[PDB]
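Read off the chains here:
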Amino acid sequence: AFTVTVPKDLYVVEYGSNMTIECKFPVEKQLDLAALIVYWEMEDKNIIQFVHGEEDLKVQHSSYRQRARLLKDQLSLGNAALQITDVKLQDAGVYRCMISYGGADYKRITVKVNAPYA
Amino acid sequence: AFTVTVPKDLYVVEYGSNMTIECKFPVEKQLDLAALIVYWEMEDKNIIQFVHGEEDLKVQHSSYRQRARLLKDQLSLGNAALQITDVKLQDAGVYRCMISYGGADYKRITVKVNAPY
Ligand SMILES: CCNCc1nnnn1/C=C/c1cccc(-c2ccccc2)c1C
């Protein structure tokens, strides 16, 4: 169980930059993939669905296609790290990470996107 | 595998009646309390937190204090049944059941409240 903990509740980013938003969870030794579920969401649009190690491209929302990815490397450290490359204005909003790894919690994260200033 | 399934996505209810909204989940005739978590929420108000056998009373928001309860009887049958008694207009809105039982899924249910005159 415990609690999902978030380093930063707000990320302010540049248009066309990259960002990695993070949700930490209690890990403790190795990662038992059978126990792990990570869902990232915003505005009820599926960004990531990780289910015991399974991800399907097809479930992802098109706006996030080929840009958002979950850094599997950080998962073993108890860090659900969503990385979105080439941040779009439309990506501004509230993100929900939902994690289960022997008990479950969710946190909300806000994103503000600065204009490109053409 | 794990998918939360809802009989009714909308409930239209009477003011001052009771309602019971339900979220079904896969149980294999097993029903391991230690594994099960049920969170009911609406408009970011915690209604129920069933955690590992017990209802957590403390975290329930005081608007749903003596009114919302989880039907424990149904849980064994893979049915997270939130019952709220004496429905107020304020109880109209979108409910989110989050269930974790060896894997995890959520669904939204909308509630519309009638009062005839
Ligand atoms: C359909 C395939 N299954 C995966 C899936 N699909 N939609 N959502 N989802 C997973 C959701 C999830 C994942 C982890 C924890 C919690 C959760 C549980 C209780 C409290 C807080 C958070 C939830 C609700």
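Residues numbered from 1 in each chain as written, not as in the entry; some residues may be left out. Chains lettered and ligands numbered in written order. Heavy atoms only, no water. Residues with missing side-chain atoms left out of burial classes, pairs and counts.

J.: Explanation requested: the pairing of strand β8 (residues 93–100) of chain B in the structure shown.
T.: Along any regular strand, the residues point their side chains to alternate faces of the sheet. All names here are of chain B. Sheet topology note: the strand β3 (residues 37–42)/β8 ladder contains six bridges and is antiparallel. Looking at the pairing, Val 38 lines up with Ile 99 of β8. Pairing of β8 with strand β9 (residues 104–114) involves eight bridges; the strand directions are antiparallel. Counterpart to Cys 97 in the pairing with β9 is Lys 107. Linking two consecutive strands that pair antiparallel, namely β8 and β9, is a turn of three residues; a positive phi of about 60 degrees is found at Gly 102 within it. (Pairing = 2+ DSSP bridges. Helix = DSSP H or I, 4+ residues; strand = E, 2+ residues; numbered from the N terminus.)

J.: Before we go on, may I ask you to explain the environment of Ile 84 of chain B in this structure?
T.: Relative to the assigned elements, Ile 84 of chain B resides in strand β7 (residues 79–84). For the pair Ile 84 of chain B and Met 19 of chain B, spaced 65 residues apart in the sequence, the C-alpha separation amounts to 5.7 Å.

J.: Help me understand the pairing of strand β4 (residues 45–51) of chain B in this model?
T.: Residues and elements named next belong to chain B. Summarising the sheet, β3 and β4 pair through six bridges and their orientation is antiparallel. Residue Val 38 lies in a different strand from β4, and its bridge partner there is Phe 50. Two successive antiparallel strands, β3 and β4, enclose a turn made up of two residues, where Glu 43 displays a positive phi of approximately 55 degrees. With two bridges connecting them, β4 and strand β5 (residues 54–55) associate as antiparallel partners.

J.: Looking at this model, I keep getting lost on the sheet that holds β3 of chain B. Mind explaining?
T.: Within a sheet, each strand pairs with its neighbour through backbone hydrogen bonds, oriented either parallel or antiparallel. Residue and element names in this part refer to chain B. Overall, mixed pairing links the six strands, which are arranged β1-β9-β8-β3-β4-β5 in an open sheet. The open sheet is flanked by β1 (10–14) and β5, the only strands paired with a single partner. Sheet topology note: the β1/β9 ladder contains five bridges and is parallel. What sits directly across from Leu 10, in β9, is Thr 110.

J.: When you look at the interface of chain A and chain B in this model, what are you seeing that I'm missing?
T.: Many analyses report the size of an interface as the accessible area lost when the parts associate. Across the boundary between the two partners, chain A contributes 11 residues, which contact 11 residues of chain B. Residue assignment for the side of chain A that touches chain B shows that the elements contributing at least two residues are β3 (36–42), β7 (93–101) and β8 (104–114) of chain A. The class makeup of the residues in the side of chain A that touches chain B is five nonpolar, three polar and three charged. (Contact = heavy atoms within 4.5 Å. Nonpolar A, V, L, I, M, F, W, Y, C, P; charged D, E, K, R; others polar.)

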